[PDB]
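Participant: Structure in structure tokens, see below.
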2 protein chains.
Amino acid sequence: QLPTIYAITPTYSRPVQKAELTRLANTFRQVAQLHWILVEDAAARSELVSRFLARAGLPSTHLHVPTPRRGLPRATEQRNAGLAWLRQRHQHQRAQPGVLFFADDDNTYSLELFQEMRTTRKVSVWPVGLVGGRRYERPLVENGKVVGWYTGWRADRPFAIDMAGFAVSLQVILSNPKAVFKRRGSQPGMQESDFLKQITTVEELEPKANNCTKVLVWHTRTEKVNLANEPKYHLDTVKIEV
Amino acid sequence: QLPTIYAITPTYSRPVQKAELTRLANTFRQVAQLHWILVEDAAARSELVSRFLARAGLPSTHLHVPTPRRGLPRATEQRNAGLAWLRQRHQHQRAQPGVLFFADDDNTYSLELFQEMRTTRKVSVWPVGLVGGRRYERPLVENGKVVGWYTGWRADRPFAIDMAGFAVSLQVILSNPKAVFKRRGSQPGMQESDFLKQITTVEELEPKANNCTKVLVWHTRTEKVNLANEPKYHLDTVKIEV
């Protein structure tokens, strides 16, 4: 049947959290054979997220792992938690079909993207809107192959692409058990390149979204929520989760 | 018969526009019998929106109406254009059960809310998250009746509620052909209240979301897109729509 698409999503408690998960789930819920690995940045599963997944209507795995005392890129620990669960979930048996991609909880996805990453054999890539201080970022394709990168942040990277711009075959993840994300790098956005370097080469990259000429995913961060008028002493007569 | 839900969505061209329209559609696409009325704030229809609705995957009406200069309200013209259109199409029909609500293009909706507003007879209301400087605002309900409002702003309004917090039956809109939103409102924050006042009474309001104790809709806004790295001179050889 259709190979399973695993979505690794790190998340953390904040005012807009439930709203972001709600609309992301509204998109993922429509994807056939998708499994959502939602990883909370916390010492324990929160009731909010536990309740959400129970009512979300789509297969999921609820994980949690705290991010130590860390303008540095986060979610590194949560993403690795997803990788660990996956590599541990699949035994050295004989059935390892599937693909995975990394989806932050506030990123916007077009349903067209999944049919693209679904066929990933090694590592596929695609354009990402609103990132790197530019309208978009995308790998440059030549005769079906990646031969360059268009990005406003560190274009010298052997893999100058954003976390939201690629998918990795489950087999590739299982075959490279040592391949994880490492934030040790002083360079903020070097995690994706350092990771990808251990699994494939630019030549093996599978260009998606019409040879990388279409934006099917966008970075969308919501503005900080204004709570200036939130009551502290004369509270509402009921408790409401938001 | 199954009542049709009409979503009146005001929108305007900006870098995150397509992204926002993409995820709202991903939500609406899953609602049975829902007609999306997208109203552009422009002199004429835009190609991006026109092409988007063509492949959005759900029934819709593409309208457009300019808005004079106008910290002033917005979407007033677009929402009225939506009201006019509805009154026109159903200028005189028989079995035409329906309900409408106002959905900005950046708001988040839980699928559970539609089932609620579906049965609206006159006007229904519910809690709205992340609005008015608080975690939520909501109608106060006692014995199935709205007896007040929880909001830190102009609480003395006859209807101290947010635009995303109510739905009106199609019959109420038709029966009151002159009831529209007034931009001329010199007093700020009175749009919702002035509209509803000439349409229903507080005693007639139909409380939803478990007697207004659950938050199923949220205000969410994407931060301003950073383009500090957008190439001035040189550019990409290929045109990419974001």
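Naming scheme: A, B, ... for chains in displayed order of the structure tokens; residues 1 onward per chain; ligands 1 onward as shown.
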What are the residues of chain B lining chain A at 9 Å or less? Count only C-alpha atoms, and put the answer as an NGL selection string.
Facilitator: :B and (15-16 or 19-20 or 22-24 or 26-27 or 30 or 108-111 or 129-136 or 150-153 or 213-231 or 236 or 238-242)
Participant: For the selection just defined, write its residues with N, CA and C atoms to a file, as a short mmCIF file (atom, residue, chain, number, x, y, z; two decimals), in the first residue's frame.
Facilitator:
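Written file, out_28.cif:
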```cif
data_model
loop_
_atom_site.label_atom_id
_atom_site.label_comp_id
_atom_site.auth_asym_id
_atom_site.auth_seq_id
_atom_site.Cartn_x
_atom_site.Cartn_y
_atom_site.Cartn_z
N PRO B 15 2.53 39.40 1.59
CA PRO B 15 3.36 38.20 1.47
C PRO B 15 2.83 36.89 2.05
N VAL B 16 2.14 36.95 3.19
CA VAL B 16 1.61 35.73 3.79
C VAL B 16 0.21 35.38 3.30
N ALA B 19 -0.34 31.75 1.89
CA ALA B 19 -0.14 30.77 2.95
C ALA B 19 -1.38 30.72 3.84
N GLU B 20 -1.80 31.88 4.34
CA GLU B 20 -2.99 31.94 5.20
C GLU B 20 -4.22 31.37 4.50
N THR B 22 -4.23 29.22 2.20
CA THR B 22 -4.03 27.78 2.05
C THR B 22 -4.48 26.99 3.28
N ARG B 23 -4.05 27.39 4.47
CA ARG B 23 -4.48 26.61 5.63
C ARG B 23 -5.93 26.81 6.05
N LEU B 24 -6.52 27.97 5.77
CA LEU B 24 -7.91 28.16 6.13
C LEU B 24 -8.75 27.27 5.23
N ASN B 26 -7.70 24.46 3.98
CA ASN B 26 -7.46 23.10 4.43
C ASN B 26 -8.45 22.74 5.53
N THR B 27 -8.90 23.74 6.27
CA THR B 27 -9.86 23.51 7.34
C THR B 27 -11.28 23.45 6.76
N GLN B 30 -12.92 20.52 4.77
CA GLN B 30 -13.44 19.38 5.53
C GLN B 30 -14.83 19.58 6.11
N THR B 108 -8.09 30.92 13.27
CA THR B 108 -8.03 29.46 13.35
C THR B 108 -9.36 28.91 13.82
N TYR B 109 -9.79 27.82 13.18
CA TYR B 109 -11.05 27.18 13.52
C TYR B 109 -10.95 25.70 13.83
N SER B 110 -11.60 25.29 14.91
CA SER B 110 -11.67 23.87 15.24
C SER B 110 -12.87 23.39 14.42
N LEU B 111 -12.79 22.19 13.87
CA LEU B 111 -13.89 21.66 13.07
C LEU B 111 -15.18 21.54 13.89
N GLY B 129 -10.97 32.83 21.33
CA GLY B 129 -9.66 32.88 21.95
C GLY B 129 -8.70 33.94 21.43
N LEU B 130 -7.82 34.39 22.32
CA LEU B 130 -6.77 35.35 22.01
C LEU B 130 -7.24 36.66 21.39
N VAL B 131 -8.20 37.31 22.05
CA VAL B 131 -8.75 38.57 21.57
C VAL B 131 -8.98 39.53 22.75
N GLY B 132 -8.99 40.83 22.47
CA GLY B 132 -9.23 41.81 23.52
C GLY B 132 -8.24 41.84 24.67
N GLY B 133 -6.98 41.55 24.38
CA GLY B 133 -5.95 41.58 25.41
C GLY B 133 -6.05 40.47 26.46
N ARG B 134 -6.84 39.43 26.16
CA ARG B 134 -7.02 38.30 27.08
C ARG B 134 -6.86 36.94 26.39
N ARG B 135 -6.85 35.87 27.18
CA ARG B 135 -6.76 34.50 26.66
C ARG B 135 -8.04 34.19 25.86
N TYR B 136 -9.15 34.82 26.23
CA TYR B 136 -10.43 34.62 25.52
C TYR B 136 -11.45 35.63 26.02
N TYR B 150 -18.00 38.63 28.98
CA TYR B 150 -16.69 38.59 29.61
C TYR B 150 -15.76 39.18 28.55
N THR B 151 -15.30 40.39 28.82
CA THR B 151 -14.41 41.12 27.93
C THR B 151 -13.88 42.31 28.71
N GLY B 152 -12.65 42.70 28.41
CA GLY B 152 -12.08 43.83 29.11
C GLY B 152 -12.29 45.12 28.34
N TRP B 153 -13.07 45.06 27.26
CA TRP B 153 -13.32 46.23 26.42
C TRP B 153 -14.78 46.57 26.14
N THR B 213 -18.47 27.67 27.19
CA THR B 213 -17.39 27.30 28.10
C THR B 213 -16.20 26.66 27.38
N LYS B 214 -16.29 26.55 26.05
CA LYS B 214 -15.20 25.98 25.25
C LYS B 214 -14.78 26.95 24.15
N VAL B 215 -13.48 27.02 23.87
CA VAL B 215 -12.94 27.89 22.84
C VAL B 215 -12.67 27.08 21.57
N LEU B 216 -13.43 27.37 20.51
CA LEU B 216 -13.31 26.65 19.24
C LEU B 216 -12.81 27.48 18.06
N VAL B 217 -12.58 28.77 18.30
CA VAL B 217 -12.06 29.67 17.28
C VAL B 217 -11.03 30.55 17.98
N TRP B 218 -10.00 30.96 17.24
CA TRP B 218 -8.94 31.79 17.81
C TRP B 218 -8.46 32.85 16.84
N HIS B 219 -8.07 33.99 17.40
CA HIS B 219 -7.49 35.03 16.58
C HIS B 219 -6.01 34.70 16.52
N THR B 220 -5.47 34.70 15.31
CA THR B 220 -4.07 34.42 15.10
C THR B 220 -3.62 35.33 13.97
N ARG B 221 -2.43 35.89 14.10
CA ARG B 221 -1.90 36.76 13.08
C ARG B 221 -0.46 36.36 12.88
N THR B 222 -0.01 36.36 11.63
CA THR B 222 1.37 36.01 11.34
C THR B 222 2.20 37.28 11.45
N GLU B 223 3.41 37.15 11.98
CA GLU B 223 4.28 38.30 12.13
C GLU B 223 4.63 38.87 10.76
N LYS B 224 5.10 40.11 10.74
CA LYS B 224 5.48 40.73 9.48
C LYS B 224 6.62 39.91 8.90
N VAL B 225 6.54 39.60 7.62
CA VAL B 225 7.59 38.82 6.96
C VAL B 225 8.88 39.62 6.82
N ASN B 226 10.00 38.99 7.19
CA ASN B 226 11.30 39.63 7.10
C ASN B 226 11.86 39.47 5.69
N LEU B 227 12.16 40.59 5.03
CA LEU B 227 12.70 40.57 3.67
C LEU B 227 14.02 41.33 3.58
N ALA B 228 14.71 41.42 4.71
CA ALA B 228 15.99 42.12 4.78
C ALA B 228 17.08 41.48 3.93
N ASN B 229 16.78 40.34 3.30
CA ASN B 229 17.75 39.65 2.47
C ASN B 229 17.24 39.46 1.05
N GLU B 230 16.07 40.02 0.77
CA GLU B 230 15.46 39.91 -0.55
C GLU B 230 16.35 40.67 -1.54
N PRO B 231 16.93 39.96 -2.51
CA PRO B 231 17.81 40.54 -3.53
C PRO B 231 17.23 41.79 -4.20
N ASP B 236 16.07 35.71 -9.27
CA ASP B 236 15.95 34.32 -9.70
C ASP B 236 15.51 34.35 -11.16
N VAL B 238 13.70 32.16 -12.56
CA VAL B 238 12.33 31.65 -12.61
C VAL B 238 11.40 32.46 -11.70
N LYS B 239 10.16 32.65 -12.15
CA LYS B 239 9.18 33.39 -11.37
C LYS B 239 8.54 32.43 -10.37
N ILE B 240 8.58 32.79 -9.09
CA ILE B 240 7.99 31.93 -8.07
C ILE B 240 6.93 32.69 -7.28
N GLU B 241 5.73 32.14 -7.25
CA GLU B 241 4.64 32.76 -6.52
C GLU B 241 4.63 32.21 -5.10
N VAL B 242 4.62 33.11 -4.12
CA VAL B 242 4.60 32.72 -2.71
C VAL B 242 3.30 33.20 -2.06
#
```
Participant: Please list as a list in words every residue within 6 Å of segment 188-191 of chain A, counting only C-alpha atoms and excluding residues in the same chain fewer than 5 positions away.
Facilitator: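 So the residues in contact are residues 72, 73 and 181 of chain A.
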Participant: Which of segment 21-212 of chain B end up as alpha helix (DSSP H) when DSSP is run on this backbone - answer as a PyMOL selection string?
Facilitator: chain B and resi 21-28+47-54+76-89+112-118+170-175+191-197+209-212
Participant: Under the rule that only C-alpha atoms are counted, which of A:1, A:33, A:60, A:76 is the nearest residue to residue 184 of chain A?
Facilitator: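 The closest residue to residue 184 of chain A is A:76.
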Participant: Taking the DSSP secondary structure from the backbone, can you list the residues of segment 17-127 of chain A that are strand (DSSP E or B), as a PyMOL selection string?
Facilitator: chain A and resi 34-40+60-64+99-102+108-109+123-125
Participant: Tell me which protein, DNA and RNA residues are within 7 Å of residue 9 of chain A, counting only C-alpha atoms, leaving out same-chain ones fewer than 6 positions away, and put them as a ChimeraX atom specification.
Facilitator: /A:37-39,102-105
Participant: Write the residues you've just listed into a file as a CSV table (one decimal), in the first residue's frame, and include N, CA and C atoms for each of them.
Facilitator:
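Done, and the output landed in selection-v8.csv:
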```csv
chain,number,residue,atom,x,y,z
A,37,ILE,N,4.2,12.3,14.9
A,37,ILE,CA,5.0,12.2,16.1
A,37,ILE,C,5.1,13.6,16.6
A,38,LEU,N,4.3,13.9,17.6
A,38,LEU,CA,4.3,15.2,18.3
A,38,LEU,C,5.1,15.2,19.6
A,39,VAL,N,6.2,16.0,19.6
A,39,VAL,CA,7.1,16.0,20.7
A,39,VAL,C,7.1,17.3,21.5
A,102,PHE,N,10.1,17.0,8.7
A,102,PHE,CA,10.0,17.8,9.9
A,102,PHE,C,9.1,18.9,9.8
A,103,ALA,N,8.1,18.9,10.6
A,103,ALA,CA,7.1,20.0,10.5
A,103,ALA,C,6.9,20.7,11.9
A,104,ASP,N,7.4,22.0,11.9
A,104,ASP,CA,7.2,22.8,13.1
A,104,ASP,C,5.7,23.0,13.3
A,105,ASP,N,5.3,23.3,14.5
A,105,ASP,CA,3.8,23.4,14.7
A,105,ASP,C,3.1,24.6,14.1
```
Participant: Would you compute the distance between atom CA of residue 35 of chain A and atom CA of residue 172 of chain A? Give it in Å to one decimal.
Facilitator: 17.8 Å
Participant: Which is closest to residue 209 of chain A among A:179, A:161, A:155, A:117, if we use only C-alpha atoms?
Facilitator: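 Selected residue with least distance to residue 209 of chain A: A:117.
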Participant: Show which residues sit within 12 Å of residue 63 of chain A, as a PyMOL selection string. Count only C-alpha atoms, and ignore same-chain residues fewer than 6 positions away.
Facilitator: chain A and resi 8-12+36-46+49-50+53+77-86
Participant: Under the rule that only C-alpha atoms are counted, which of A:170, A:34, A:146, A:199 is the nearest residue to residue 61 of chain A?
Facilitator: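 Smallest distance to residue 61 of chain A is found for A:34.
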Participant: Within 12 Å of residue 148 of chain A, counting only C-alpha atoms, which residues show up once you throw out same-chain ones fewer than 3 positions away? Write them as a list in words, please.
Facilitator: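 Listing them by chain and then by number gives residues 137, 138, 139, 140, 141, 142, 145, 151, 155, 156, 157, 158, 159, 160, 161, 202, 203, 205, 207 and 212 of chain A.
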